[PDB]
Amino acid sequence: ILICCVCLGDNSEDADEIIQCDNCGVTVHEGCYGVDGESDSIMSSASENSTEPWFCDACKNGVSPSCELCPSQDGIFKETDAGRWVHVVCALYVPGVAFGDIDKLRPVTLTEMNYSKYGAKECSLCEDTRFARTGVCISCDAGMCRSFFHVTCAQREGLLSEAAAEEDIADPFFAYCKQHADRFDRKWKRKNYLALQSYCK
């Protein structure tokens, strides 16, 4: 079963397929990575098979990167304008981080304001406490709750949500801590997260 490592959804259709990197194995919605609606590759014209190879941006550059915004090494990355790397999901959820091209989600331009938040909050969900003050934490978005976590640490716990397009919320990406989360949403998100972990390995 294919799960997108950015949004943890499992729907895969001809318009938005969940694809897989043929080197590191990560799986992602075309539309969650800016690789949607692109013509078949030139290597693909050869084969008569129904599929063509695909590689994420980090593998295209021969790196197994770390993220400027969190301590996790898993998931899928985009290059920054300074030659560093960030998770797609970190860039979506961290305030003040935007994509320079929304259609292809590239590149990511991090600012002095982003860097001044490094280590500024302690991640309350880090399993390795040695990294709880690396990177940049987001907070719970319920009321004035001041609970902080890395984006990818919240993702694992099933805490990242995305508003539907019809809801017309300007920033549709939000997170709640466990105290304020939707219990059903957390259930299926952790389930898809765990299936994604078993899938890659």
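Numbers follow the displayed sequence, beginning with 1.
If you average the C-alpha B-factors over 50 to 58 and over 172 to 180, the higher value belongs to 50 to 58. The mean Cα B-factor in the deposited entry runs higher for 14 to 22 than for the other of 187 to 195 and 14 to 22. Of the residues listed, 102, 120, 125, 90, the entry assigns the biggest Cα temperature factor to 102. Ranking 162, 157, 68, 40 by Cα temperature factor from the entry places 40 first. Sort the chain's modelled residues by C-alpha temperature factor and residue 145 lands in the middle third, per the entry. In this PDB entry, the Cα temperature factor of residue 136 sits in the bottom third of its chain's modelled residues, the lowest group. Sorting the modelled residues of the chain by their CA temperature factor places residue 35 in the highest third. For residue 95, the recorded CA temperature factor ranks within the lowest third of the chain's modelled residues. In this PDB entry, residue 73 carries a Cα temperature factor that places it within the highest third of its chain's modelled residues.
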